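To start, the structure itself, in structure tokens.
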Amino acid sequence: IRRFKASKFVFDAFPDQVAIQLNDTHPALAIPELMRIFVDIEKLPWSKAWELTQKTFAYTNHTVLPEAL
Amino acid sequence: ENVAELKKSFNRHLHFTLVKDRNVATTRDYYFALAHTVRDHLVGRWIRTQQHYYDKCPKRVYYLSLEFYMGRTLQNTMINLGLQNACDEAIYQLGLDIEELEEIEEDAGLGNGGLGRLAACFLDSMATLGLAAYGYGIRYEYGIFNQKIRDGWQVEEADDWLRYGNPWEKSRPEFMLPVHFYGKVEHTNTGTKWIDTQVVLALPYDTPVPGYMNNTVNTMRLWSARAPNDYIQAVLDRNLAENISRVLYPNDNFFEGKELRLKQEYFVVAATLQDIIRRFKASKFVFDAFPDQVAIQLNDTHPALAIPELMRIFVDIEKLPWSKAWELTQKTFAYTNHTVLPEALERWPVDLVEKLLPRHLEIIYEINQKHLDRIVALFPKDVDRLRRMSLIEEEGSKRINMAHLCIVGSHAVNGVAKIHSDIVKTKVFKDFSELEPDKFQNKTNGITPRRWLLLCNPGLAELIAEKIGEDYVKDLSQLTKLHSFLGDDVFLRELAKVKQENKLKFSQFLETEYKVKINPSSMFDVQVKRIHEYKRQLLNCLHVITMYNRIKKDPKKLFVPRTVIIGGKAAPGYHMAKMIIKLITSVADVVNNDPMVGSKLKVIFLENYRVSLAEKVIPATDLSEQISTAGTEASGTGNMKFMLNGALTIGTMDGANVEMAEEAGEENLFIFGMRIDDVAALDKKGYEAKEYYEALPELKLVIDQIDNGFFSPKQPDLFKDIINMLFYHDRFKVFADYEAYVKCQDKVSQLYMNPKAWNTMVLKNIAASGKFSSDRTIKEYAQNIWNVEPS
Amino acid sequence: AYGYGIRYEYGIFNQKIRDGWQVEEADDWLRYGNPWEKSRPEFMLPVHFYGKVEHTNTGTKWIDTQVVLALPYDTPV
Amino acid sequence: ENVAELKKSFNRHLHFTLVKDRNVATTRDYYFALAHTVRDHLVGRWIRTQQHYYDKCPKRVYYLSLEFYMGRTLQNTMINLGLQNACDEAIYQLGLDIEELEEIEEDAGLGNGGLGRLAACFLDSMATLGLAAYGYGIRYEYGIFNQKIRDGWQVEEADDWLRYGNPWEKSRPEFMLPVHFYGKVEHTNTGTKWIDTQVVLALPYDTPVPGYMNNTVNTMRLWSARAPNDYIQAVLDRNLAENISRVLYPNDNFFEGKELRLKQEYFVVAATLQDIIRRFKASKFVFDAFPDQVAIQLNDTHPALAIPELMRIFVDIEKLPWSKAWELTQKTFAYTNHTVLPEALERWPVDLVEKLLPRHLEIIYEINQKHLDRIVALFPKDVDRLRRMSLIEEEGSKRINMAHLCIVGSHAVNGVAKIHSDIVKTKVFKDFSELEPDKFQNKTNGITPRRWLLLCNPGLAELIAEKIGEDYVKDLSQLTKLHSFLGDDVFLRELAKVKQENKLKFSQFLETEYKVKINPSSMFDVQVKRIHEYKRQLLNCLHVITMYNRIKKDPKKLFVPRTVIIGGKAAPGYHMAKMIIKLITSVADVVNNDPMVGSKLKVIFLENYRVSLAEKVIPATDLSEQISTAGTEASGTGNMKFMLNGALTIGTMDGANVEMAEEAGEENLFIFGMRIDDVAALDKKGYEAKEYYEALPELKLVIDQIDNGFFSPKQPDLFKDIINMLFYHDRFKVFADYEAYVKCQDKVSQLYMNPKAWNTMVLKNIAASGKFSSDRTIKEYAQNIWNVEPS
Ligand SMILES: O=C(N[C@@H](Cc1ccccc1)C(=O)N1CC(C(=O)O)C1)c1cc2cc(Cl)ccc2[nH]1
Ligand SMILES: O=C(N[C@@H](Cc1ccccc1)C(=O)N1CC(C(=O)O)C1)c1cc2cc(Cl)ccc2[nH]1
Ligand SMILES: O=C(N[C@@H](Cc1ccccc1)C(=O)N1CC(C(=O)O)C1)c1cc2cc(Cl)ccc2[nH]1
Ligand SMILES: *Cc1c(COP(=O)(O)O)cnc(C)c1O
Ligand SMILES: *Cc1c(COP(=O)(O)O)cnc(C)c1O
Ligand SMILES: CC(=O)N[C@@H]1O[C@H](CO)[C@@H](O)[C@H](O)[C@H]1O
Ligand SMILES: CC(=O)N[C@@H]1O[C@H](CO)[C@@H](O)[C@H](O)[C@H]1O
Ligand SMILES: Cn1c(=O)c2c(ncn2C)n(C)c1=O
Ligand SMILES: Cn1c(=O)c2c(ncn2C)n(C)c1=O
Ligand SMILES: Cn1c(=O)c2c(ncn2C)n(C)c1=O
Ligand SMILES: Cn1c(=O)c2c(ncn2C)n(C)c1=O
Ligand SMILES: Cn1c(=O)c2c(ncn2C)n(C)c1=O
């Protein structure tokens, strides 16, 4: 977000400047964290924040074994 | 609340309220639709807040002022209500540009400058602090005039701010009241009666005042004059009664004894006091508890008549005995002094007052008699002390010294900055403070960080919140936490980036309004405030010409480029201020068009400086000019706005500048020139302007250029009035601070050449600006004067 | 593209075989220094843990948190 | 070497080493680029010097210490290498401020105070004298904590000095060694074996020690602890072995028997001795020549275990017979005693030692047995002599008297100032010196004139060189030549000017860090050292309040204005020292804000006193406070720094103050108070604090103010612990030296009123400071203890 704000490119263009790949679910918290920053801190409305979030993240599943979920 | 519902309301108002659809709706229609959409969000809390004050009955605070320099209301309301982001999104989705809609709104310019803007910041702070406070003033049909520049001179145009309607006001017809004028006094056996008076009605209009994020919505009540009840001529003459609330007197720090101004002062006062007493009698709380339920702050002496008026009501009407009435009165009123300049003192001739307000003249004479009887009893031999402490000056044609009336009728008197409050207490009113030491106080001015940070500079507010949370919004002292980033390189670049963006956005504004091309790389040197000889934009102008000559003498020399901006309105009848404006536009013409200076230096006279423009230019400033002659600016508040927004200050040790230095560290401000005591020394010795002209070669060249027509070729003697004033009548010693000022200015450019050092000083200024929140100022008034408590 | 992860002091353990079984030993890969990493101290950031939520009229606030700093190290690719 | 090449290297390091360019480089990056640029200049000579010691094989000196209070390295390196002027020029040309770059460096604060700083000065001197010397200690991850003051109290913060990297250290992985703990002893037929021990690795880091202008670059080797080789928990538990070299114990002159401290002591000792033996076996010089090739100085008893460890290696490992091993051991070790205060004596309970170091306990018991067998054979009837001379105190729970172990295992024992060395020899260790008269010596402390004159006070160094050449740098006794200028008026003004400049520059520092405004005209009265009851900054505080009352009683009286500065860190668990700090900040608050005193007196508690701050404040001092109770400060070194830098001394006849008086002439110092014998008299008679409180009216008022809450209104009983200690438990007789101290202080102000007389005395102090160069101290150690020769 900090690198985004310095790009001299508010957060509407964020998903056009940023793509974040979640390697398995280990970094899953990134989703609610991006929402927390957009909402609690940047004061963006939830619907807008949720839209930007989905356009930002992509998830890669690496296994179907139950013990690994 | 959310986006979908905001869009729905917007469309609903565009339809039923503006009677339009998307293909015929005007920009103004869209602004009004959004305004009503936002306004609807205030209602519930406005009603609850006022209901709450009636239920729990806390002590109320009434801020009585002839001025309320409110600016625009839309954005301020969205922000304090936490609605801005949602509305921005909704308007964007409707395919509209919210910025354009916001520019449609007229400023409510019901003030001249500092005094009126302080009243506005106080209302925001009192609502944010949850105080049961009310602002009381006049609803002028026309506020401070719109300024135009024609052929280099100021031209005035009527500020018809209500022409298209004000969605932010609510007529309160059921509270209309009659106000009396002229007539005569009759001393009957049933009490003295004031009779055969002319009556003018007072219609109150309420404007909501939202606290920052707290469910509190207070009220600002402004009165409008209306006529009561050859036929045609008689109907047209109704204009005469209505002229009372027609126009704001356009004078800043200057007294003009016009009868109409006297009518306005009594008008606000009479309508206000009656309304207060009426609300008091309905509180289901005889008048013994009045001072425990009411506090009335007199904003300068303009509403001084409130004192004899309260006495008139208690005595002539409520039949209370004088001593009892006088006791309640003093406990009710507190007075705020806003200036020490002689030309600004209110001294009404007794003849005018006798004609317009016969009964008040009698009450004032009575107050004065008891007053002097006391002094005579304490200092029997000091006959001149009586002359000095009287409410009446027989010094020629008798007049009433309104400041003295405010002092004897008030339990507290305060100045607006330490240096000022001290001068008021120990010099100007020495005789009074000596008698009542504890009566005089200080309450350093403040500005609201909502409008002057969150609203006007979202980039900075966000950057700061990023680093230290949002607690600072309601506790500005929290900005000291910013000190942890002094060595933080990345943060310093981020800070500079925010200033750069503000400058870019403002430069766009400048290029479209003015012919000039702006070097966005230049240092923005800014002086915006009312045009005054004491504020000395003339000195600033001397330095500008000085830099000009330097570029002409040695074009290839390394020089930090500047964009010099000077703006402010001159009172219509202030000739010297008008000459000074013409001098600046003339100088700018030469400078901006000399191919040799080019992008090295650009000069701009910022037209129509007012609250909404201040919100644009301040966030874009690097250097803030606060150069009044030591001892002339009681406090200043523009100085504070600039400090809060990332600009460094070049100024004299005057007013609150002194406290900005105490907080940030004198070395983190570019202080210069004579100090209060040096100014006195020069006065004692006698100021000989010619000596500096003689001894300073750069000064002499500037002066000669001005006087010979270098800047006015088509008319060589144009600036003769300035030259003569400068050499023989400069009460503000422009030449005497010239040398130090220019040296100081050179030091500024030096620091500017070092970005990291510059932003390091900026950070220390911002981190130390917390004392200047009006929230702190109000807490002090509540605790030491009104005796009320934040909620 | 940028890779973002954690700079573990110890990576996947070194495996030894003792009497036919796996034995684990600490993988102290940074003991002698890693010339391939470049500390970027100017980009250090605070990360929050624990604390509690407060739903104020200025937005929900997460407070009384414990803070741990995050120091980024860049490795060229 | 020259400017062009230095700039080129700087840019090269900024690029390849910091991976930056001029627009993204941080201040820290620039500091690191310069550091590497300077560091490169050390390499060639570092390699040659160490190669030379291997080739010519001179006898080596190993200074074993738990502390090395090094301060910053950049400037010290540039100076000793003759590179400062060139680097200053190069950095200036690159458009940078070398002063800013220097302030980025963290102090290597691996020491508490005098003891640790002496080790640092010794390294500089040994390198300047060309001795084959090595400093051996621990590389603490965290040094002495950073001190903050919050609400008047000391707050501790971790000193994370290595967070950004230390360019001045060089890991030496190929010399890592294993150190053993716990386990058990087995007495086999192949020699006693120490088994089942836990192992912790010791990784050495070398830091170059440049001699002043001589091509010699010695080494300081500091060891860091590392772990050898549920899985996760096991990995995390590696922290336990690594905690050994984690933090410096923050105690100055105070023993704390924590097991972790015992682990640190054995850790340094074990790693150091092994490394020494290994280097000895590679010298291509069996162990008979060991003492002719090795000298190990024990800095206080902290590294006492080195003795039984050397025995353990010779016996258990090298299989040498005990008698032979014991002989070699004594010839190897020399011990330096640094204090006589009881609370600072190291007495480890035998149980802890038995658990952690079973084999060393056995070796110590053995040493003790042979020791007492001798005494029994010499004084058969003196049974108590045995009790007094034993290495074991059965006085309750058995403990090891480490000082006694250092004495029997060393061939030389020395104190650090004549008065101290005498007390050690004839009183504290009378039984031992009686037996071995020639074993006890004196080696008066010293300070290095590079860091403490050339570096910290360039103005003075230059002025002096101007008059007498530069020979004084390496032969400080040369300062006596300054006596030729006693009547030289011009020189005396030049001297005062240098002090004035230092004061100006330091005042700037004070105003930006503290709210206070500094009267640059005032006398800088300074007391900086660790907060202790024995150093008595409490007495200083009594005098401050005393001057305060005087100004309040008679404001218009002629008074020499002062700026009183007191600074130093309190050990975290030293409650009284923390109360004393709070007392000083409280007093300062009242004083600095009383409008009546104003610029007459300012008080400042100097925060975070450490080596780099000492280099700033000392050169700016006029009056140096050295007021410890007679007989409590073994030597002192701050006293010497102040003398060398142009300050006069107010102090007791204690430690080296006595020798400063011998050299300069007692009348040229403001000596006062009880002397060693008077203190004993009062002890014999019994100290009754109340008597002075009763008899001295100024003292009584001060005390009452403190005890009643004059300085702590919000909490009247705050300073109760101090009052009680002062009246019933003041081991340091604060009240008993109060009268003479204040009288003495008055005499100081008198002299200060006479500039010429003051600077005349200053000149006599500077001209007589030559004896206090650590170069002289080291020559004495080399000649009379290590038997090595300067080169
Ligand atoms: O003027 C408002 N409503 C209007 C509603 C209205 C409009 C037209 C005729 C009668 C009533 C109002 O009360 N009047 C217009 C009339 C006049 O011109 O004097 C009287 C209003 C609603 C409101 C709600 C908030 Cl939160 C703040 C300010 C507000 N003003
Ligand atoms: O660590 C590098 N330089 C070093 C330079 C340095 C060395 C010693 C002390 C301070 C700075 C560095 O920046 N630091 C070591 C410190 C630490 O361990 O925290 C910080 C480095 C340069 C470089 C260049 C490329 Cl292309 C790739 C990786 C790189 N690392
Ligand atoms: O640490 C130096 N060089 C560095 C060089 C280096 C840097 C990164 C990876 C491997 C090697 C060094 O030897 N190491 C950093 C590693 C660690 O973190 O343990 C080991 C160094 C060079 C030098 C030269 C002088 Cl004159 C004085 C002190 C010095 N230190
Ligand atoms: C704040 C403000 C002022 C007062 O400015 P000073 O420089 O303090 O005189 C005047 N006019 C406007 C529009 C302001 O916002
Ligand atoms: C020299 C020095 C000391 C020792 O000072 P004394 O006054 O001799 O106790 C302590 N701390 C620092 C940082 C020093 O430089
Ligand atoms: C009469 C008048 O307008 N006084 C003005 O009041 C404001 C608000 O207190 C001050 O900041 C300013 O210095 C002063 O000139
Ligand atoms: C235990 C300890 O820190 N002792 C200190 O040693 C230094 C260096 O010898 C002396 O100057 C000082 O007086 C003494 O208090
Ligand atoms: C400030 N001020 C005015 O505002 C003014 C004036 N004369 C007329 N006006 C309106 N003068 C002389 C003046 O000093
Ligand atoms: C508009 N205007 C003025 O306002 C003015 C003036 N000369 C003095 N004043 C004030 N002139 C020539 C002028 O054109
Ligand atoms: C006997 N035994 C086990 O039975 C065992 C083991 N590791 C896992 N198991 C189950 N090891 C190392 C081992 O010696
Ligand atoms: C010097 N000193 C200390 O350093 C100390 C202490 N108590 C705890 N500490 C740490 N005491 C009583 C003490 O005299
Ligand atoms: C921080 N601090 C202390 O460090 C302290 C204390 N009382 C005693 N001490 C040591 N108080 C009240 C305190 O706030």
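Start at 1 and count along the chain as shown; that gives each residue its number.
Backbone N, Cα and C define each Cβ position, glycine as well.
Noted in Swiss-Prot for the protein shown:
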type    : residues                           : note
BINDING : B:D21, B:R22, B:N23, B:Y54, B:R278 : AMP binding site
SITE    : B:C87                              : site 'Involved in the association of subunits'
SITE    : B:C121                             : site 'Involved in the association of subunits'
SITE    : B:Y134                             : site 'May be involved in allosteric control'
MOD_RES : B:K324                             : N6-succinyllysine
MOD_RES : B:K430                             : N6-acetyllysine
MOD_RES : B:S484                             : phosphoserine
MOD_RES : B:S521                             : phosphoserine
MOD_RES : B:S599                             : phosphoserine
MOD_RES : B:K641                             : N6-(pyridoxal phosphate)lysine
MOD_RES : B:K756                             : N6-acetyllysine
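This view paints the features noted in Swiss-Prot onto the structure.
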residue : record                                         : Cβ neighbours (10 Å)
B:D21   : AMP binding site                               : 11
B:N23   : AMP binding site                               : 5
B:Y54   : AMP binding site                               : 12
B:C121  : site 'Involved in the association of subunits' : 26
B:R278  : AMP binding site                               : 11
B:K324  : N6-succinyllysine                              : 15
B:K430  : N6-acetyllysine                                : 12
B:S484  : phosphoserine                                  : 12
B:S521  : phosphoserine                                  : 11
B:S599  : phosphoserine                                  : 13
Cβ neighbour count within 10 Å of B:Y134 (site 'May be involved in allosteric control'): 25
Cβ-Cβ neighbours of B:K756 (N6-acetyllysine) (radius 10 Å): 15
Which of B:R22, B:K641, all recorded positions, has a Cβ with the fewest other Cβ atoms inside 10 Å: B:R22
Shortest C-alpha distance to B:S599 (phosphoserine) - which of the recorded positions B:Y54, B:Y134, B:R278: B:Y134
Nonlocal residues around B:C87 (site 'Involved in the association of subunits'), in sequence order (Cβ under 8 Å, 6 or more apart): B:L6, B:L34, B:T37, B:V38, B:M78, B:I98
Whole-number Å value for how far the residue listed as 'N6-(pyridoxal phosphate)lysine' lies from B:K430 (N6-acetyllysine) (Cα to Cα): 33
Recorded positions (B:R22, B:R278, B:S521) in Cβ proximity to chain C, threshold under 8 Å: none
Proximal residue to B:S521 (phosphoserine) among recorded positions B:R22, B:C121, B:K324, B:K756 (C-alpha distance): B:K756
Secondary structure at B:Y134 (site 'May be involved in allosteric control'), reduced by DSSP to three states: strand
Maximum Cα-Cα separation in Å among residues B:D21, B:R22, B:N23, B:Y54, B:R278, which the record lists as binding AMP: 50
Alpha-carbon spacing, B:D21 (AMP binding site) to B:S484 (phosphoserine), which is rounded to whole Å: 54
Nearest recorded site to B:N23 (AMP binding site) by CA-CA distance, among recorded positions B:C121, B:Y134, B:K324: B:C121
Proximal residue to B:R22 (AMP binding site) among modified residues B:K324, B:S484, B:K641, B:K756 (C-alpha distance): B:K641
Residue among recorded positions B:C121, B:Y134, B:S484, B:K641, B:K756 with Cα closest to the Cα of B:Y54 (AMP binding site): B:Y134
Cα-Cα distance linking B:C121 (site 'Involved in the association of subunits') and B:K641 (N6-(pyridoxal phosphate)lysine), given in Å to the nearest integer: 12
Nearest of the recorded positions (B:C121, B:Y134, B:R278, B:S484) to B:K756 (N6-acetyllysine) - Cα to Cα: B:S484
When distances run from the Cα of B:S484 (phosphoserine) to each of the recorded positions B:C121, B:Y134, B:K324, the nearest one: B:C121
For B:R278 (AMP binding site), the one of B:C121, B:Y134, B:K324 that lies nearest, given that the recorded positions are compared by Cα: B:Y134
Alpha-carbon distance [B:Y134 (site 'May be involved in allosteric control'); B:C121 (site 'Involved in the association of subunits')] in Å: 13
B:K324 (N6-succinyllysine) and B:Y134 (site 'May be involved in allosteric control'), distance between Cα atoms, whole Å: 26
